[PDB]
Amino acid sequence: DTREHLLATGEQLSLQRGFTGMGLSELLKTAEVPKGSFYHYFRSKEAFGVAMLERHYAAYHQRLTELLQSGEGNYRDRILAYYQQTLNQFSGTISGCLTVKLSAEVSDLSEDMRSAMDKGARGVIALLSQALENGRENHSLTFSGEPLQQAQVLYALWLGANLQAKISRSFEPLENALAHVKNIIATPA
């Protein structure tokens, strides 16, 4: 409730002006929560940031899990849906908008928060990889190399394409990435 409320408005605000620039008082006024109770839940802004990232990444991890393990069709369709959904959102703020926003301040971020960003990204990659090795095993799809390596490529492409979409104000980098993934993650013979 109140703890979740704080975390949610912290993520919103961070999304906009970044974490480092988000003053405690800005947070509390927006969240409409007294300073005393914030400290009941978090001993510091830093601890708050850690909890914020963890909540952010667990939720994204759970949505990705549901898409790739309980979505539409075979594993290939679900992998494609991961790019397709990123598009579908646009009609215009990008996905992974938080990781990107925080990427610009990582050196000023605490070690715990940088660690929480790393784990979030690695978790996403691990899910993609599991989806790839699954589709490989039931012949939904084929690709070259080992699954982790290929999942890492898919993750970096998604991130780069989102950034490029944000800079150009265009869906084209995303559609293009998706078209590329259709070749690389191919339906079998």
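The numbering used is simple: start at 1 and walk along the sequence shown.
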Sequence continuity check, residue 91 and residue 92 (deposited residues unmodelled) | 1 to 3
11-19 versus 169-177 - greater average Cα B-factor per the deposited record | 11-19
Once average C-alpha B-factors are taken from the entry for 39-47 and 158-166, the winner is 39-47
When the CA B-factors of 144, 149, 62, 130 are compared as recorded in the entry, which is the largest?
-> 144
Based on the entry's values, in what third of the chain does the Cα temperature factor of residue 104 lie: lowest, middle or highest?
-> middle
Split the chain's modelled residues into thirds by Cα B-factor; residue 118 lands in the lowest
Quick tally, chain-level thirds of C-alpha B-factors: residue 125 sits in the lowest
Lowest, middle or highest third: where is residue 31 by C-alpha B factor in its chain?
-> middle
